[PDB]
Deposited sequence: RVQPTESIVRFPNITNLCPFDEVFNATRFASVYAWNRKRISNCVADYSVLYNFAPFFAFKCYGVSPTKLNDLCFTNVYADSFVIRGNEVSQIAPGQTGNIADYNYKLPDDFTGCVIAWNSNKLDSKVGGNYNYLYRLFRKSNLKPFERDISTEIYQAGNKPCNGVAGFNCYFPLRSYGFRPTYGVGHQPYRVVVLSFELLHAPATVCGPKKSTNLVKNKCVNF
């Protein structure tokens, strides 16, 4: 009954930014997770609520795949019960998560001499994000008691900042691609 494109959600030509993470629905296939096992230069591979070795002997109604790109030292924030900039204002995982998180380095593909300014993350926001929520707004952020009136200046800042990836950076500041698999009550081989 066909095999869902686990390859295309793992070797896409370009990934999305963390504040605009890309969601793909996977259903009605014979999920052969051998692709995950065969390629293991994985910086992080952690499954919550299910064992990694049992993925082929269990089924769900549908599977969700979320793809984005972050920096290395923020990879630890993609986990339930974790707090931080990315966890609060960019991407939040519920405390009762039942999926897997995969993250691997992409220095060759995403870094560039002089900086890559196509990857953006949200810096200023007023409240924590609800689990599985995305905010793609670009409205000016008010930091004082005077209305911004849609201009940039003191106490009025643009909410997004670019990572600016370049090869001469440290290990922790290099780009890492992250794919999150969410399962809820697709079958294995």
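Which parts of the deposited sequence have no C-alpha atoms in the model?
-> No coordinates exist for the deposited residues in 1-14, 200-205, 210-223, so these stretches are absent from the model.
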